[PDB]
file data_15.tsv (TSV, N, CA, C and O atoms)
chain	number	residue	atom	x	y	z
A	1	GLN	N	121.39	75.48	83.30
A	1	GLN	CA	122.59	76.24	82.91
A	1	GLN	C	122.28	77.28	81.84
A	1	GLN	O	123.05	77.46	80.89
A	2	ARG	N	121.15	77.95	81.98
A	2	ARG	CA	120.77	79.05	81.11
A	2	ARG	C	121.33	80.34	81.69
A	2	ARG	O	120.98	80.72	82.80
A	3	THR	N	122.19	81.00	80.93
A	3	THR	CA	122.93	82.15	81.44
A	3	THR	C	122.01	83.35	81.59
A	3	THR	O	121.41	83.79	80.61
A	4	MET	N	121.91	83.89	82.80
A	4	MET	CA	121.05	85.03	83.04
A	4	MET	C	121.76	86.32	82.65
A	4	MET	O	122.98	86.36	82.45
A	5	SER	N	120.99	87.40	82.57
A	5	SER	CA	121.54	88.73	82.30
A	5	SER	C	120.78	89.73	83.14
A	5	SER	O	119.56	89.84	83.01
A	6	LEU	N	121.49	90.46	83.99
A	6	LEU	CA	120.86	91.43	84.86
A	6	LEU	C	120.42	92.66	84.08
A	6	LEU	O	121.05	93.05	83.10
A	7	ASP	N	119.34	93.27	84.54
A	7	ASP	CA	118.93	94.58	84.03
A	7	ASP	C	118.37	95.39	85.18
A	7	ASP	O	117.53	94.92	85.94
A	8	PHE	N	118.84	96.63	85.28
A	8	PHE	CA	118.62	97.46	86.45
A	8	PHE	C	118.85	98.91	86.04
A	8	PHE	O	119.21	99.20	84.90
A	9	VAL	N	118.64	99.81	86.99
A	9	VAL	CA	118.89	101.22	86.78
A	9	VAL	C	119.86	101.70	87.85
A	9	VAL	O	119.85	101.22	88.98
A	10	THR	N	120.74	102.62	87.46
A	10	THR	CA	121.83	103.03	88.34
A	10	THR	C	121.34	103.96	89.45
A	10	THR	O	121.89	103.95	90.56
A	11	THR	N	120.25	104.69	89.20
A	11	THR	CA	119.69	105.60	90.19
A	11	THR	C	119.02	104.88	91.36
A	11	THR	O	118.74	105.51	92.38
A	12	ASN	N	118.77	103.58	91.24
A	12	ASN	CA	118.14	102.80	92.30
A	12	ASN	C	119.25	102.23	93.17
A	12	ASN	O	119.85	101.22	92.84
A	13	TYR	N	119.52	102.89	94.29
A	13	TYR	CA	120.61	102.46	95.17
A	13	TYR	C	120.27	101.20	95.95
A	13	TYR	O	121.17	100.61	96.55
A	14	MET	N	119.00	100.80	95.99
A	14	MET	CA	118.62	99.56	96.66
A	14	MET	C	118.76	98.37	95.74
A	14	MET	O	119.02	97.26	96.21
A	15	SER	N	118.63	98.57	94.44
A	15	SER	CA	118.85	97.47	93.51
A	15	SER	C	120.32	97.14	93.34
A	15	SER	O	120.64	96.13	92.71
A	16	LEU	N	121.22	97.96	93.87
A	16	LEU	CA	122.65	97.67	93.86
A	16	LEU	C	123.11	97.00	95.14
A	16	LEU	O	124.06	96.22	95.11
A	17	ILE	N	122.46	97.29	96.27
A	17	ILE	CA	122.74	96.58	97.51
A	17	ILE	C	122.12	95.19	97.47
A	17	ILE	O	122.74	94.21	97.88
A	18	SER	N	120.92	95.07	96.91
A	18	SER	CA	120.37	93.76	96.62
A	18	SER	C	121.06	93.09	95.44
A	18	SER	O	120.87	91.89	95.24
A	19	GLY	N	121.82	93.84	94.66
A	19	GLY	CA	122.72	93.27	93.69
A	19	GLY	C	124.04	92.82	94.26
A	19	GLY	O	124.80	92.14	93.56
A	20	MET	N	124.35	93.19	95.50
A	20	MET	CA	125.48	92.59	96.20
A	20	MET	C	125.16	91.20	96.70
A	20	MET	O	126.08	90.49	97.10
A	21	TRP	N	123.90	90.80	96.68
A	21	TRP	CA	123.51	89.50	97.20
A	21	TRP	C	123.46	88.42	96.12
A	21	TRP	O	123.72	87.25	96.44
A	22	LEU	N	123.16	88.75	94.87
A	22	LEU	CA	123.19	87.73	93.82
A	22	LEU	C	124.60	87.25	93.54
A	22	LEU	O	124.85	86.05	93.43
A	23	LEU	N	125.54	88.19	93.40
A	23	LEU	CA	126.89	87.84	93.00
A	23	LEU	C	127.61	87.05	94.08
A	23	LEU	O	128.58	86.35	93.78
A	24	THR	N	127.15	87.13	95.33
A	24	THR	CA	127.74	86.37	96.41
A	24	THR	C	126.98	85.07	96.68
A	24	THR	O	127.36	84.33	97.59
A	25	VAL	N	125.94	84.77	95.91
A	25	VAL	CA	125.24	83.50	96.01
A	25	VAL	C	125.30	82.79	94.66
A	25	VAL	O	125.80	81.66	94.57
A	26	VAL	N	124.80	83.43	93.62
A	26	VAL	CA	124.86	82.85	92.28
A	26	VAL	C	126.28	82.99	91.75
A	26	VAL	O	126.84	84.09	91.81
A	27	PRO	N	126.90	81.91	91.28
A	27	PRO	CA	128.28	82.01	90.79
A	27	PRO	C	128.40	82.87	89.54
A	27	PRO	O	127.60	82.74	88.61
A	28	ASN	N	129.42	83.73	89.51
A	28	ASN	CA	129.54	84.73	88.46
A	28	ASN	C	129.95	84.15	87.11
A	28	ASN	O	130.03	84.92	86.15
A	29	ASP	N	130.21	82.86	87.00
A	29	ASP	CA	130.44	82.24	85.71
A	29	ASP	C	129.14	81.93	84.98
A	29	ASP	O	129.16	81.24	83.96
A	30	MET	N	128.03	82.44	85.49
A	30	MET	CA	126.70	82.19	84.97
A	30	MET	C	126.05	83.42	84.37
A	30	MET	O	125.32	83.30	83.40
A	31	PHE	N	126.32	84.60	84.90
A	31	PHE	CA	125.83	85.82	84.27
A	31	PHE	C	126.62	86.10	83.00
A	31	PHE	O	127.78	85.71	82.87
A	32	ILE	N	125.99	86.79	82.06
A	32	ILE	CA	126.68	87.17	80.85
A	32	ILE	C	127.65	88.31	81.18
A	32	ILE	O	127.41	89.11	82.10
A	33	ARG	N	128.78	88.35	80.48
A	33	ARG	CA	129.86	89.21	80.92
A	33	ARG	C	129.66	90.68	80.58
A	33	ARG	O	130.26	91.53	81.25
A	34	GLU	N	128.85	91.00	79.58
A	34	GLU	CA	128.54	92.41	79.34
A	34	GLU	C	127.64	92.99	80.42
A	34	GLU	O	127.60	94.21	80.57
A	35	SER	N	126.91	92.15	81.16
A	35	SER	CA	126.01	92.61	82.20
A	35	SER	C	126.42	92.20	83.60
A	35	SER	O	125.86	92.71	84.57
A	36	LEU	N	127.37	91.28	83.74
A	36	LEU	CA	127.98	91.05	85.04
A	36	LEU	C	128.92	92.18	85.39
A	36	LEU	O	129.00	92.60	86.55
A	37	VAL	N	129.62	92.71	84.39
A	37	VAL	CA	130.58	93.79	84.60
A	37	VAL	C	129.86	95.09	84.94
A	37	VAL	O	130.21	95.76	85.92
A	38	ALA	N	128.83	95.44	84.18
A	38	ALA	CA	128.15	96.71	84.39
A	38	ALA	C	127.32	96.74	85.67
A	38	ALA	O	126.84	97.81	86.05
A	39	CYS	N	127.11	95.59	86.32
A	39	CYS	CA	126.53	95.55	87.65
A	39	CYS	C	127.59	95.50	88.74
A	39	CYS	O	127.39	96.06	89.82
A	40	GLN	N	128.72	94.84	88.47
A	40	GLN	CA	129.84	94.91	89.40
A	40	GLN	C	130.46	96.29	89.41
A	40	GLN	O	130.92	96.75	90.46
A	41	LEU	N	130.48	96.98	88.27
A	41	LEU	CA	130.97	98.35	88.25
A	41	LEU	C	129.99	99.32	88.91
A	41	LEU	O	130.42	100.36	89.40
A	42	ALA	N	128.70	99.00	88.94
A	42	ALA	CA	127.76	99.90	89.58
A	42	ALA	C	127.87	99.85	91.09
A	42	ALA	O	127.66	100.87	91.75
A	43	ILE	N	128.20	98.69	91.66
A	43	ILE	CA	128.42	98.60	93.10
A	43	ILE	C	129.71	99.31	93.48
A	43	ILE	O	129.79	99.97	94.53
A	44	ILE	N	130.73	99.21	92.63
A	44	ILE	CA	132.03	99.80	92.92
A	44	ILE	C	131.95	101.32	92.89
A	44	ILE	O	132.32	101.99	93.86
A	45	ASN	N	131.42	101.89	91.81
A	45	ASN	CA	131.43	103.33	91.64
A	45	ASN	C	130.44	104.07	92.53
A	45	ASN	O	130.51	105.30	92.60
A	46	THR	N	129.52	103.37	93.19
A	46	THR	CA	128.47	104.01	93.97
A	46	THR	C	128.48	103.60	95.44
A	46	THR	O	128.48	104.46	96.32
A	47	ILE	N	128.53	102.30	95.73
A	47	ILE	CA	128.39	101.84	97.11
A	47	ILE	C	129.72	101.83	97.84
A	47	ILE	O	129.83	102.36	98.94
A	48	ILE	N	130.77	101.22	97.28
A	48	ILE	CA	131.94	100.89	98.10
A	48	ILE	C	133.18	101.72	97.77
A	48	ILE	O	134.09	101.76	98.61
A	49	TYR	N	133.29	102.34	96.60
A	49	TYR	CA	134.38	103.31	96.48
A	49	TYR	C	134.10	104.68	97.09
A	49	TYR	O	135.04	105.29	97.60
B	1	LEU	N	121.73	112.71	69.57
B	1	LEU	CA	120.61	113.52	69.10
B	1	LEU	C	119.95	112.91	67.87
B	1	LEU	O	118.75	112.64	67.86
B	2	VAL	N	120.74	112.68	66.82
B	2	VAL	CA	120.20	112.51	65.47
B	2	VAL	C	119.83	111.05	65.23
B	2	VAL	O	120.49	110.12	65.70
B	3	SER	N	118.70	110.86	64.55
B	3	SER	CA	118.24	109.60	63.99
B	3	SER	C	117.19	109.93	62.94
B	3	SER	O	116.69	111.06	62.88
B	4	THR	N	116.85	108.94	62.11
B	4	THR	CA	115.87	109.20	61.07
B	4	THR	C	114.46	109.25	61.65
B	4	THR	O	114.21	108.91	62.81
B	5	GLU	N	113.52	109.71	60.81
B	5	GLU	CA	112.14	109.91	61.25
B	5	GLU	C	111.44	108.58	61.49
B	5	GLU	O	110.68	108.44	62.46
B	6	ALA	N	111.69	107.59	60.63
B	6	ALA	CA	111.01	106.31	60.77
B	6	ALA	C	111.53	105.49	61.94
B	6	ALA	O	110.82	104.61	62.43
B	7	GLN	N	112.76	105.76	62.41
B	7	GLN	CA	113.28	105.05	63.58
B	7	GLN	C	112.53	105.45	64.84
B	7	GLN	O	112.47	104.67	65.80
B	8	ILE	N	111.96	106.66	64.87
B	8	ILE	CA	111.05	107.04	65.96
B	8	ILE	C	109.82	106.15	65.94
B	8	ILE	O	109.34	105.70	66.99
B	9	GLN	N	109.30	105.85	64.74
B	9	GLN	CA	108.24	104.85	64.62
B	9	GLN	C	108.77	103.45	64.90
B	9	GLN	O	108.05	102.62	65.45
B	10	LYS	N	110.04	103.18	64.54
B	10	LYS	CA	110.61	101.86	64.82
B	10	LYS	C	110.96	101.68	66.29
B	10	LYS	O	111.04	100.54	66.76
B	11	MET	N	111.16	102.77	67.04
B	11	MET	CA	111.41	102.67	68.47
B	11	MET	C	110.16	102.86	69.31
B	11	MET	O	110.20	102.60	70.52
B	12	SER	N	109.06	103.33	68.73
B	12	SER	CA	107.82	103.46	69.49
B	12	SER	C	107.02	102.16	69.54
B	12	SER	O	106.25	101.97	70.49
B	13	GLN	N	107.18	101.27	68.55
B	13	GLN	CA	106.39	100.05	68.53
B	13	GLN	C	106.97	98.95	69.40
B	13	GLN	O	106.32	97.91	69.57
B	14	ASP	N	108.17	99.14	69.97
B	14	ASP	CA	108.76	98.17	70.87
B	14	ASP	C	109.18	98.78	72.20
B	14	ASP	O	109.84	98.11	72.99
B	15	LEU	N	108.81	100.04	72.46
B	15	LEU	CA	109.18	100.69	73.71
B	15	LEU	C	108.41	100.09	74.89
B	15	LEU	O	108.96	99.94	75.98
B	16	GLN	N	107.15	99.73	74.67
B	16	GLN	CA	106.36	99.10	75.73
B	16	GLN	C	106.80	97.66	75.99
B	16	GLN	O	106.47	97.11	77.05
B	17	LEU	N	107.54	97.05	75.07
B	17	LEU	CA	108.03	95.69	75.24
B	17	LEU	C	109.33	95.65	76.03
B	17	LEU	O	109.44	94.91	77.02
B	18	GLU	N	110.33	96.43	75.61
B	18	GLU	CA	111.65	96.46	76.22
B	18	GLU	C	111.78	97.75	77.02
B	18	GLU	O	112.06	98.81	76.46
B	19	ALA	N	111.59	97.65	78.33
B	19	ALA	CA	111.55	98.83	79.20
B	19	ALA	C	112.98	99.26	79.53
B	19	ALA	O	113.57	98.79	80.50
B	20	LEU	N	113.52	100.17	78.72
B	20	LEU	CA	114.84	100.76	78.94
B	20	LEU	C	114.65	102.27	79.04
B	20	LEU	O	114.64	102.97	78.03
B	21	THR	N	114.51	102.76	80.27
B	21	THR	CA	114.13	104.15	80.50
B	21	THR	C	115.17	104.98	81.26
B	21	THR	O	115.19	106.19	81.07
B	22	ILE	N	116.01	104.37	82.10
B	22	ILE	CA	117.01	105.15	82.83
B	22	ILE	C	118.37	104.60	82.41
B	22	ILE	O	119.32	104.55	83.19
B	23	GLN	N	118.46	104.15	81.15
B	23	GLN	CA	119.74	103.68	80.63
B	23	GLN	C	120.70	104.84	80.39
B	23	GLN	O	121.93	104.65	80.42
B	24	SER	N	120.17	106.05	80.20
B	24	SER	CA	120.99	107.21	79.86
B	24	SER	C	121.84	107.70	81.03
B	24	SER	O	122.85	108.39	80.79
B	25	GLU	N	121.47	107.36	82.27
B	25	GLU	CA	122.23	107.55	83.52
B	25	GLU	C	122.78	108.97	83.70
B	25	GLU	O	123.98	109.23	83.78
B	26	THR	N	121.85	109.92	83.80
B	26	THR	CA	122.19	111.32	84.01
B	26	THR	C	121.23	111.91	85.03
B	26	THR	O	120.08	111.47	85.13
B	27	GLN	N	121.71	112.87	85.82
B	27	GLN	CA	120.84	113.71	86.63
B	27	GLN	C	120.42	114.92	85.80
B	27	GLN	O	121.27	115.62	85.24
B	28	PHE	N	119.12	115.16	85.73
B	28	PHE	CA	118.58	116.24	84.92
B	28	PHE	C	118.83	117.58	85.59
B	28	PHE	O	118.93	117.68	86.81
B	29	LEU	N	118.97	118.62	84.77
B	29	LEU	CA	119.02	119.99	85.23
B	29	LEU	C	118.15	120.85	84.33
B	29	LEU	O	117.99	120.55	83.14
B	30	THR	N	117.60	121.91	84.88
B	30	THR	CA	116.78	122.82	84.09
B	30	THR	C	117.69	123.66	83.21
B	30	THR	O	118.64	124.28	83.70
B	31	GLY	N	117.40	123.68	81.91
B	31	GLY	CA	118.25	124.33	80.94
B	31	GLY	C	119.18	123.39	80.20
B	31	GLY	O	120.11	123.87	79.54
B	32	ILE	N	118.94	122.09	80.28
B	32	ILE	CA	119.76	121.08	79.62
B	32	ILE	C	118.94	120.48	78.49
B	32	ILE	O	117.86	119.92	78.74
B	33	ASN	N	119.42	120.60	77.27
B	33	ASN	CA	118.79	119.96	76.13
B	33	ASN	C	119.87	119.37	75.25
B	33	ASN	O	121.05	119.66	75.40
B	34	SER	N	119.46	118.52	74.31
B	34	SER	CA	120.43	117.91	73.41
B	34	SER	C	120.68	118.74	72.17
B	34	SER	O	121.69	118.52	71.50
B	35	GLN	N	119.81	119.69	71.86
B	35	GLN	CA	120.02	120.59	70.73
B	35	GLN	C	121.09	121.63	71.01
B	35	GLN	O	121.53	122.30	70.08
B	36	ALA	N	121.51	121.79	72.26
B	36	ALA	CA	122.64	122.64	72.60
B	36	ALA	C	123.94	121.86	72.74
B	36	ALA	O	125.01	122.46	72.64
B	37	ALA	N	123.88	120.56	72.98
B	37	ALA	CA	125.09	119.75	72.90
B	37	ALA	C	125.54	119.63	71.46
B	37	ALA	O	126.74	119.71	71.17
B	38	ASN	N	124.59	119.42	70.55
B	38	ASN	CA	124.90	119.38	69.14
B	38	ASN	C	125.32	120.74	68.62
B	38	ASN	O	126.08	120.83	67.66
B	39	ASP	N	124.85	121.81	69.26
B	39	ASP	CA	125.25	123.15	68.86
B	39	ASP	C	126.64	123.50	69.37
B	39	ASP	O	127.44	124.09	68.63
B	40	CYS	N	126.95	123.18	70.62
B	40	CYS	CA	128.24	123.54	71.18
B	40	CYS	C	129.36	122.66	70.67
B	40	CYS	O	130.53	123.06	70.72
B	41	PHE	N	129.05	121.47	70.17
B	41	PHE	CA	130.05	120.66	69.49
B	41	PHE	C	130.42	121.25	68.15
B	41	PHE	O	131.52	121.00	67.66
B	42	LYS	N	129.53	122.03	67.54
B	42	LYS	CA	129.82	122.61	66.24
B	42	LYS	C	130.41	124.00	66.33
B	42	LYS	O	131.13	124.41	65.42
B	43	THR	N	130.13	124.76	67.39
B	43	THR	CA	130.73	126.07	67.53
B	43	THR	C	131.98	126.05	68.38
B	43	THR	O	132.49	127.11	68.75
B	44	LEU	N	132.48	124.86	68.73
B	44	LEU	CA	133.81	124.69	69.27
B	44	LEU	C	134.79	124.20	68.23
B	44	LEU	O	135.97	124.56	68.27
B	45	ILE	N	134.33	123.37	67.30
B	45	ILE	CA	135.19	122.88	66.24
B	45	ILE	C	135.29	123.89	65.11
B	45	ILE	O	136.38	124.18	64.61
B	46	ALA	N	134.16	124.45	64.69
B	46	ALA	CA	134.21	125.34	63.54
B	46	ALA	C	134.68	126.73	63.88
B	46	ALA	O	134.97	127.51	62.96
B	47	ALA	N	134.77	127.09	65.15
B	47	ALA	CA	135.43	128.33	65.50
B	47	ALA	C	136.92	128.16	65.72
B	47	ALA	O	137.63	129.16	65.86
B	48	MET	N	137.42	126.93	65.75
B	48	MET	CA	138.85	126.66	65.78
B	48	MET	C	139.44	126.52	64.38
B	48	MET	O	140.56	126.97	64.14
B	49	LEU	N	138.70	125.89	63.47
B	49	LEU	CA	139.21	125.66	62.12
B	49	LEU	C	139.20	126.91	61.27
B	49	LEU	O	139.91	126.97	60.27
B	50	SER	N	138.40	127.91	61.63
B	50	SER	CA	138.38	129.17	60.91
B	50	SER	C	139.00	130.31	61.69
B	50	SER	O	139.12	131.41	61.14
call {"tool": "encode", "arguments": {"input": "data_15.tsv", "output": "structure tokens"}}
result
Amino acid sequence: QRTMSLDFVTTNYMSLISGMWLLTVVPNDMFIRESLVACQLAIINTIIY
Amino acid sequence: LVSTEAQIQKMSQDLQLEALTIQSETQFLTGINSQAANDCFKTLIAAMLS
């Protein structure tokens, strides 16, 4: 139960599609919230909106 | 733009440790520098107050 923290770059559009796979497998009550949000916002503002 | 001189030394000794390189999240253009952002912020405010 060690809380992970994602780190990535926004220009890498493949690290955001492969970032759609962690959040749908690893439960989001485990990532830290300053970095769960900025990765969920990166999928929203780039891939699906 | 602005920081002290020793912080450049304080940010160079840990840059190879903590790889944060595209955190700034911008597309570059030719003719874009930060010394003109600091300049245009001052010639928009100080040309209004005077």
call {"tool": "interface_residues", "arguments": {"input": "data_15.tsv", "of": "chain B", "to": "chain A", "cutoff": "12 Å", "atoms": "only C-alpha atoms", "output": "PyMOL selection string"}}
result
chain B and resi 18-28
call {"tool": "atom_distance", "arguments": {"input": "data_15.tsv", "atom1": "CA of residue 35 in chain B", "atom2": "CA of residue 6 in chain B"}}
result
19.6 Å
call {"tool": "closest_residue", "arguments": {"input": "data_15.tsv", "among": "A:39, A:32, A:4, A:48", "to": "residue 19 in chain A", "atoms": "only C-alpha atoms"}}
result
A:39
call {"tool": "select_by_dssp", "arguments": {"input": "data_15.tsv", "residues": "chain A", "states": "helix (DSSP H, G or I)", "output": "list in words"}}
result
residues 14, 15, 16, 17, 19, 20, 21, 22, 33, 34, 35, 36, 37, 38, 39, 40, 41, 42, 43, 44, 45, 46, 47 and 48 of chain A
call {"tool": "atom_distance", "arguments": {"input": "data_15.tsv", "atom1": "CA of residue 39 in chain B", "atom2": "CA of residue 4 in chain B"}}
result
18.5 Å
call {"tool": "closest_residue", "arguments": {"input": "data_15.tsv", "among": "A:41, A:31, A:36, A:49", "to": "residue 2 in chain A", "atoms": "only N, CA, C and O atoms"}}
result
A:31
call {"tool": "closest_residue", "arguments": {"input": "data_15.tsv", "among": "A:24, A:30, A:42, A:18", "to": "residue 5 in chain A", "atoms": "only C-alpha atoms"}}
result
A:30
call {"tool": "residues_around", "arguments": {"input": "data_15.tsv", "residues": "residue 40 in chain A", "least_positions_apart": "3", "cutoff": "9 Å", "atoms": "only C-alpha atoms", "output": "JSON, numbers by chain"}}
result
{"A": [16, 19, 20, 23, 35, 36, 37, 43, 44, 45]}
call {"tool": "atom_distance", "arguments": {"input": "data_15.tsv", "atom1": "atom C of residue 38 in chain B", "atom2": "atom C of residue 8 in chain B"}}
result
21.5 Å
call {"tool": "decode", "arguments": {"input": "data_15.tsv", "residues": "range 8-25 of chain B", "atoms": "N, CA, C and O atoms", "output": "CSV table (one decimal), in the first residue's frame"}}
result
chain,number,residue,atom,x,y,z
B,8,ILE,N,21.1,28.6,-10.0
B,8,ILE,CA,21.6,27.9,-11.2
B,8,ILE,C,22.6,26.8,-10.8
B,8,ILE,O,22.5,25.7,-11.4
B,9,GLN,N,23.5,27.1,-9.9
B,9,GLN,CA,24.4,26.0,-9.4
B,9,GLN,C,23.6,25.1,-8.5
B,9,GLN,O,23.9,23.9,-8.5
B,10,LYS,N,22.5,25.5,-7.8
B,10,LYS,CA,21.7,24.6,-7.0
B,10,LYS,C,20.8,23.8,-7.8
B,10,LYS,O,20.3,22.7,-7.4
B,11,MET,N,20.5,24.2,-9.1
B,11,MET,CA,19.6,23.4,-10.0
B,11,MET,C,20.5,22.6,-10.9
B,11,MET,O,19.9,21.7,-11.6
B,12,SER,N,21.8,22.8,-11.1
B,12,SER,CA,22.6,22.0,-11.9
B,12,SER,C,23.1,20.8,-11.3
B,12,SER,O,23.4,19.8,-12.0
B,13,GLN,N,23.2,20.8,-9.9
B,13,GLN,CA,23.8,19.6,-9.2
B,13,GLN,C,22.8,18.5,-9.0
B,13,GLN,O,23.1,17.4,-8.5
B,14,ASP,N,21.5,18.8,-9.3
B,14,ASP,CA,20.5,17.8,-9.1
B,14,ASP,C,19.6,17.6,-10.4
B,14,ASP,O,18.6,16.9,-10.4
B,15,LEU,N,20.0,18.2,-11.5
B,15,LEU,CA,19.3,18.1,-12.8
B,15,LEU,C,19.4,16.7,-13.4
B,15,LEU,O,18.5,16.1,-13.9
B,16,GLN,N,20.6,16.1,-13.2
B,16,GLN,CA,20.8,14.7,-13.7
B,16,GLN,C,20.1,13.7,-12.8
B,16,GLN,O,19.9,12.5,-13.3
B,17,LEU,N,19.7,14.0,-11.6
B,17,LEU,CA,19.0,13.1,-10.7
B,17,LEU,C,17.5,13.1,-11.0
B,17,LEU,O,16.9,12.1,-11.1
B,18,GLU,N,16.9,14.3,-11.0
B,18,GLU,CA,15.5,14.5,-11.2
B,18,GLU,C,15.2,15.0,-12.6
B,18,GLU,O,15.3,16.2,-12.9
B,19,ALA,N,14.9,14.1,-13.5
B,19,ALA,CA,14.7,14.4,-14.9
B,19,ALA,C,13.3,15.0,-15.1
B,19,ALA,O,12.4,14.3,-15.4
B,20,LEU,N,13.3,16.4,-15.1
B,20,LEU,CA,12.1,17.1,-15.4
B,20,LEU,C,12.5,18.1,-16.5
B,20,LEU,O,13.0,19.2,-16.3
B,21,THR,N,12.2,17.7,-17.7
B,21,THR,CA,12.6,18.4,-18.9
B,21,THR,C,11.5,19.0,-19.8
B,21,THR,O,11.7,19.9,-20.5
B,22,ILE,N,10.3,18.3,-19.8
B,22,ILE,CA,9.2,18.8,-20.7
B,22,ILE,C,8.1,19.2,-19.7
B,22,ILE,O,6.9,19.0,-20.0
B,23,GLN,N,8.4,19.6,-18.5
B,23,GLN,CA,7.4,20.1,-17.6
B,23,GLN,C,6.8,21.4,-18.0
B,23,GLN,O,5.6,21.7,-17.6
B,24,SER,N,7.5,22.2,-18.8
B,24,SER,CA,7.1,23.5,-19.1
B,24,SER,C,5.9,23.5,-20.1
B,24,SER,O,5.2,24.5,-20.2
B,25,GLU,N,5.7,22.4,-20.9
B,25,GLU,CA,4.6,22.1,-21.7
B,25,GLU,C,4.2,23.2,-22.7
B,25,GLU,O,3.1,23.8,-22.7
